[PDB]
Amino acid sequence: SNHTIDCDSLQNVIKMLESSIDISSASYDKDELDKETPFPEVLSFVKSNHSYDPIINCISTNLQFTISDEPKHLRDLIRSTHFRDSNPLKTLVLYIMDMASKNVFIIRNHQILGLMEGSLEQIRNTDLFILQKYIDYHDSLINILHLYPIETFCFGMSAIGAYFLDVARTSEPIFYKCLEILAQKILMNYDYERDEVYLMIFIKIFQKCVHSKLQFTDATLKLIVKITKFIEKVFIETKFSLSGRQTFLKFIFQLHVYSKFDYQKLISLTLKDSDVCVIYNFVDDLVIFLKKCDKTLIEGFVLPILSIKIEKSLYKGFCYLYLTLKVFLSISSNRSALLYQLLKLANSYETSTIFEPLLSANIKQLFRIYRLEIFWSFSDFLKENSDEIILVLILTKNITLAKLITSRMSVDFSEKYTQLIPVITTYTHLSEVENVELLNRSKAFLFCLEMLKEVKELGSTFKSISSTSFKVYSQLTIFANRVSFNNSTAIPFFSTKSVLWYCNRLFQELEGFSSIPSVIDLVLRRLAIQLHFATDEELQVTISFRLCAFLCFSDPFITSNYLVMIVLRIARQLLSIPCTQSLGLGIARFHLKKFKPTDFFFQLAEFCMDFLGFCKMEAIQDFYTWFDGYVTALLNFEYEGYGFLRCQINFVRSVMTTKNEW
Amino acid sequence: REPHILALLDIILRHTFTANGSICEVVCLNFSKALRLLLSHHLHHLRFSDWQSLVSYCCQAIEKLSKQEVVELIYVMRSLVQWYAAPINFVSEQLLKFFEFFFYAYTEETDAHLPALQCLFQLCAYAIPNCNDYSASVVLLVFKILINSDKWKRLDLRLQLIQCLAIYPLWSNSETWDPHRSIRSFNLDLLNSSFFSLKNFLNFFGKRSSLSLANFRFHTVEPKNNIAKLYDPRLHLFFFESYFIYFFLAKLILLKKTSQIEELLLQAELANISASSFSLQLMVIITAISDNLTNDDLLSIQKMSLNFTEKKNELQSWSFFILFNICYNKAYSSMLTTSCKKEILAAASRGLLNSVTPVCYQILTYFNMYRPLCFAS
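Protein chains in written order, with our numbering: chain L, 1 to 662; chain V, 1001 to 1377.
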C-alpha cells in the first residue's frame, strides 16, 4: 500500500521547489507547501506586497484568495475534505496582513450586458473581501457595501452572493437593512437599482436561501413586500427584462409559495417568447414543477394549445410550439391530449420534410398517436382516419351532420351503420342516466367503446361498492403497493354503471356468445396495445385503472391459462412503467393465484423472474411477504421443481437464505 | 431622473417609429446618445412593449434612411440589442425588413451600419431555428458584405467579415441552400481575397498553429458548431486569439470544402504557404467528410514533414497545424502516417529543449498528448 517513504520524498520535493524561487507563483508555491504540511507564507506575502500596486497582480491575488477559500471545499470535498485539513488557518495572519493592505483601495447594475471584459476581477475582489472577513473570524459588511460605490458591487454578481453570505434567515434585521439600503440606492439613482440583473441576482439569492434552510422565506414579510414592489416596476410589469425573465419564472416555479407567477402564467410566458431556447427552458421548468402538484390546468390546455399553422411554421414559431407539444407529450399528464395536440399541429404529411424536427418513425408518429388517442371536435390515410371519424359522428349527437358528411364521403350511411350499431346502442346507453361471429364482434366493439373513449380520462381510484365481489377484487388490487385517490387531468364521463349490465347481457346474449373468454381476451389485448409502450405515465396509470376495473367485472372464466397469462404479461408491462408499477404489483398477485393451479409450469417459472429486487420500499416489502407466501404455496407440492423461487425471493427480500435450499 | 431617462428613451423610440421626415436630427441624435449613456438596456421604466416599439422604430428608420442620422440609427439598434426582451422571430423579421432598405445603400466599413449588423447577428443567433427565411436573406446579405470587405486590404475589415460570416450555422445553411456549387466556389474566392487582405502587415501569420493553451479534443472549439461537434478541439488563449482571428478568416473557406475535401485536396496541392495553412485549417474538421485515401493522408503528412524541415517560420507553422489536424483527424489516418506524425512530434519534443522551439508542444497537442486509440507500444 502507501508508504511513508513516498510522503517523505514528496515533502523533500516540496522543499526543493520552495528553494527554487519562481510573486503570485511564489505565493501559490507557499500555499501548496502549507497544504502539504497538514514563515514562507509571510515571505510570499511580503513579495506580493512589494508589487501590490498593479491591478493585474491584485486580480491574481484575489483569484488566489478565492482558491484558498475553495480549499475548504476542495478534495467528499464539501465536508471532510483533504484540502480543508491540509490548509490550516493558523499562523495565516502574518501572510494575510499584506493581502488585507493590498485590498485597501489606497447607469446599469451590471458592468456589461454580455460577457464583461474581466468581470472575474470584480467577482474575485468580492470573494477576497469575503475571504478576509472569514479569515478574521454581518451588519458591518452591509454598512461597508452601502457606503461603497454602487459600480463596485454592480460590476460582479458575487457581491449579491456576499449578501447571501450574511445570515438573512437567522437575522432578519440584516435582510431588512439590505432591502432598505437597496431602496435608498434606487431612490438616489433609479437606474442603479432598477437594472434587471441586480434584481434577478437578489431574487435568485433569496430563492437559494429559502431552498437551503426552512428559516428563510419565513418571517420575510418585509422582503416579500419589497419583492412585490420590485415586481410593481414598469419593466417588471411589462417583462422588459427575456432570458432573465424566463430564468426568474423558472426559479419561481421551482420554489407552493405565494407569488405573482403561476403555472398557466408560466406557460403563457413560454408561448409568448419567440426564442426557441427560452420557450424550451420554461417548458422544462414547468415539467420540473409537474409531478409535484395538480397539473389539470396545464394538461387540459395542452390538447388545444397546438394547432396547424403553416405561416407560423415558416417563421418556425409553430416549430417551437410543436417542440413544446413534444415536451408536454414527454410530460406525464394527459398523454392522449398531448398526442391529439401534436396531431392537430402536424399536417399529417411531409414527414420527410419535417425530418423529425427537434428529434415520427413508429410510436411517436402522428399515425400511432392517433391510434392511441382519438379526439372529437364535437388520401388513403385520409379515408382510414375518416372511417373512425364517421364512426365518431354517428356516435355523436349531430346525426344530420354525419349523414351529410357520409353523403359527401361516397359511403352509404347504412353500410357503416351495419357495423356501427354496437357503438350506437353503447352511446344510447351512455346518454340515458339512472335507468353469430358478427354479433360477437359487435359486442366486442361495444365493450371496447366502454373501455376506451367512454371511461374517464381522470378515473377515481375508488370504485362502486354495488357488488360485494367487486369490493373483494378491489381489495385484491389494493392490498399490495396501492396508492388511493389517484386523479388525472380531465373527466369526460364518470360513474358508468351500465358496464355491469353489459356483464349481465353478454352471458345471456346469443347463447353465451360475446361472453367467451376469447372475446374479452381480444378486447383487453386491444386496449393494452392501444396503450402504446411509449406513452406517458399518467395515461398509462389511467389505462391501468381502466383494465383493473374491467378485470373486476371479469368472471371466473378469465382464470384460464391463456387469459390469465396475457393478463400477467400486461401486468408486467405496467410494472415496467415506474409510476404504474405500484398498481401493477397489486394487480399481479390475484392473477398469480388464479394461474398457479392451472399452471400445474415452465411459463410460471420464467415469469417468476419479474421481481423489483433489481431496479415505496415498505409496499415492496409487503408484496415480498405475499410472494414468499405464494412461493411456499407453490413449493409445498414441488411437482415440477424447476421454479427455483425460494432462493430467488430470499435474495431480493434480503432474508439470509439457508445453505441447504441454496 | 434615471427612470425619467428611461421614459424619455421610450418616448424617443415611439417617436422614431415614424419616418421622422427629412430632418437631420443631429441634436436628436446627441440626445439619444445621452439617453443611452445611462440605463440604455437595465432600467425599471423601460418596457418590453417599448422594446418592440423601438425595434419597429429601427425598422422604419432604416426603411426611411437614404451622417448624424446614421449614428442615431446605430444607437437605436444598440439600445434595441441591449433590450434583452424581444421576440426572436419578430426581431429577425423586423431586422430583415430594415436590412432590405439598409442594403439598398449599405456601408459595411462604416461604424453606423456596424451596430445594425450587430443587431442582425443578435437576431440571427436565435433566428437560426426560428424564421429561417428572413435569416437566410440576412445571411446572404452578410455574405455579400463580407465579400465586399474582403475586397478591401484592411486586416480589421477581414476580421469583421469573418466574424459576420461566423455570426456560422446560417452560413452553412445558405451554402447547403445555395443555387449551385459555383456559389460555393465564389465564396471560396471571396475568402481567398480575405486571406490575401490578411497577408498585409496589419495582420499576423495565417499558418495558425501552436495556439496558446490549445487542449486538443479536450473541451470545445473543435468545429465551431454545436451540431458538428468534430474532434481536435483547438483552444485559443489570446496570447492564441490573435492568431485565431486569421484562423477563422481561413476557416471561412477551410470549414466547408465548397465537406468533400478529397478532390479538393487533390487539386489544391500547390505547396503554397497560404494554401498549406488553409488545408491545415480545413483538415481537422473535413477529414471524415473528404473520405480521402490513406495514401492522401500519408502524402499530407510527408508534405507537413517537408514544410517543417523548411527554415521558414510560416511554412513550418502551417506544417505543424497540418500535423495537429492529422493527429486528431476526423478520418482514420494511415499507420505509416501515424508513425510519421509520431516522429515529427518526437522532433518537436527534441526541439523543445530550447525555449523558442512551447510552440512545439502546443503544435500537435493531440500528438503531444496520448491520442485515443493509438497503439500504446
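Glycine is no exception: its CB is placed at the ideal position from the N, C-alpha and C atoms.
Under 7 Å from the C-beta of L:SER274: neighbouring residues of chain V: What L:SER274 touches in chain V, judged by beta-carbon distance under 7 Å, is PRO1087, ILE1088, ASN1089, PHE1090 and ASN1130, going in chain order.
Supposed contact pair L:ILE520 and L:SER554 - C-beta distance, whole angstroms, cut 8 Å: The C-beta distance from L:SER554 to L:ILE520 rounds to 7 Å, short enough to fall under 8 Å.
Length of the line joining the Cα atoms of V:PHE1205 and L:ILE267: Using only the alpha carbons, I get a separation of about 52 Å.
Contact between the region 76–85 of chain L and the region 132–150 of chain L (3+ Cβ pairs under 8 Å): These segments do not touch.
Whole-angstrom distance between L:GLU18 and L:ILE288, CA atom to CA atom: Cα to Cα, L:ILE288 sits roughly 52 Å from L:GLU18.
Three-way DSSP call (helix, strand, coil) for V:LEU1155 in this model: Correct three-state label for V:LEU1155: helix.
Nonlocal neighbours in the same chain, by C-beta distance under 6 Å from V:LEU1264, ignoring five residues either side: Answer for V:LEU1264: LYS1257, listed in chain order.
Expected contact under 8 Å - CB spacing of L:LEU147 and L:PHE65 to nearest Å: With 8 Å as the limit, L:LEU147 and L:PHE65 do not qualify as a contact, their Cβ atoms being about 22 Å apart.
Distance, L:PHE253 Cα to L:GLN215 Cα: If you take the alpha carbons of L:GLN215 and L:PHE253, they lie about 20 Å apart.
Cβ separation of L:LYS471 and L:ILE465, assumed to be a contact under 8 Å, to the nearest whole Å: L:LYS471 to L:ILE465, Cβ: 6 Å. Contact.
Span separating the alpha-carbon of L:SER9 from that of L:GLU32: In this structure, the straight-line span from the alpha carbon of L:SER9 to that of L:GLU32 is close to 15 Å.
First and last residue of the uninterrupted alpha helix (DSSP H) at V:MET1335: From DSSP, the alpha helix (DSSP H) with V:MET1335 extends over 1335–1351.
Amino acids of chain L, ordered along the chain, whose beta-carbon sits closer than 7 Å to that of V:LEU1046: Residues of chain L whose Cβ lies closer than 7 Å to the Cβ of V:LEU1046 are, in chain order, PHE235 and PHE240.
Contact between the region 1298–1308 of chain V and the region 1169–1187 of chain V (3+ Cβ pairs under 8 Å): Contact between the region 1298–1308 of chain V and the region 1169–1187 of chain V is absent, because fewer than three Cβ pairs lie under 8 Å.
Burial state of L:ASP85, where buried means 16 or more other Cβ atoms lie within 10 Å: Exposed: under 16 other Cβ atoms inside 10 Å.
Alpha-carbon spacing of L:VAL499 relative to L:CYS552, whole angstroms: When rounded, the separation of the alpha-carbon atoms in L:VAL499 and L:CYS552 is 11 Å.
Span of the alpha helix (DSSP H) around L:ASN87: Taken as a continuous stretch (DSSP letters only), L:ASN87 belongs to no alpha helix (DSSP H), as it is neither H nor E.
The region 422–431 of chain L / the region 448–455 of chain L touching (three or more Cβ pairs under 8 Å): With a cut-off of 8 Å, the region 448–455 of chain L and the region 422–431 of chain L count as touching, because enough Cβ pairs lie within range.
CB contact check: V:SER1049 to chain B, cutoff 9 Å: Given the protein chain composition of this structure (L and V), no chain B is represented.
Beta-carbon separation (whole angstroms), L:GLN530 vs L:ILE577, contact threshold 8 Å: About 15 Å; that fails the 8 Å criterion.
Straight-line gap, L:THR542 to L:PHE282 (C-alpha atoms, nearest Å): Whole-angstrom Cα-Cα distance: 27 Å.
Residues near L:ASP628 by beta carbon distance below 7 Å, same chain, minus five either side: Result list for L:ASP628: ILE649 and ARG653, in chain order.
Contact under 9 Å by Cβ, V:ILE1147 with V:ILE1245: No, the pair does not count as a contact, with Cβ atoms beyond the cut-off.
C-beta atoms of L:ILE55 and L:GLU121 nearer than 9 Å: It is a contact, given that the beta carbons lie within the stated cut-off.
Proximal chain V residues relative to L:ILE390, where beta-carbon distance stays under 7 Å: None at all; the shortest Cβ gap to chain V is about 39 Å.
Nearest neighbour of L:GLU117, chosen from L:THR126, L:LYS35, L:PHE381 and L:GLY156 [CA to CA]: It is L:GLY156 whose Cα lies nearest to the Cα of L:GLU117.
Closer than 9 Å at the beta carbon, the chain V residues around L:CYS277: Close partners of L:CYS277 in chain V (Cβ separation under 9 Å): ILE1088, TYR1126 and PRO1129.
Interfacial residues, the region 236–270 of chain L to chain V, with Cβ spacing under 9 Å: Listed in sequence order: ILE236, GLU237, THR238, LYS239, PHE240, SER241, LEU242, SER243, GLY244 and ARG245.
The region 1193–1207 of chain V contacting the region 1342–1353 of chain V, beta-carbon criterion three pairs below 8 Å: They do not touch, by the three-pair rule.
V:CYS1119: first and last residue of the uninterrupted alpha helix (DSSP H) it sits in: Segment 1113–1127, the alpha helix (DSSP H) holding V:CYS1119.
Coarse secondary structure for V:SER1377, derived from DSSP in three states: Shown here, V:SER1377 sits in coil according to DSSP, grouped into three states, outside any helix or strand.
Inter-residue spacing [alpha-carbon to alpha-carbon] between residue 667 of chain L and L:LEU345: Within the shown structure, residues of chain L are numbered from 1 to 662, placing residue 667 of chain L beyond reach of any answer.
Contacts around L:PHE261, its chain only, beta-carbon distance under 6 Å, and the 5 residues preceding and following it disregarded: Excluding positions up to five away in sequence, the list reads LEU249 and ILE252.
Meets three-Cβ-pair contact criterion under 8 Å: the region 288–300 of chain L and the region 346–364 of chain L: Flag = no, the region 288–300 of chain L and the region 346–364 of chain L do not touch.
Contact list for V:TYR1084 against chain L, beta-carbon separation under 9 Å: Per Cβ cutoff of 9 Å: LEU113, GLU196, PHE240, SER241, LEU242, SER243, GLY244 and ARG245.
Extent of the continuous alpha helix (DSSP H) to which L:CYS579 belongs: Segment: none, L:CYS579 is in no alpha helix (DSSP H) and carries neither H nor E.
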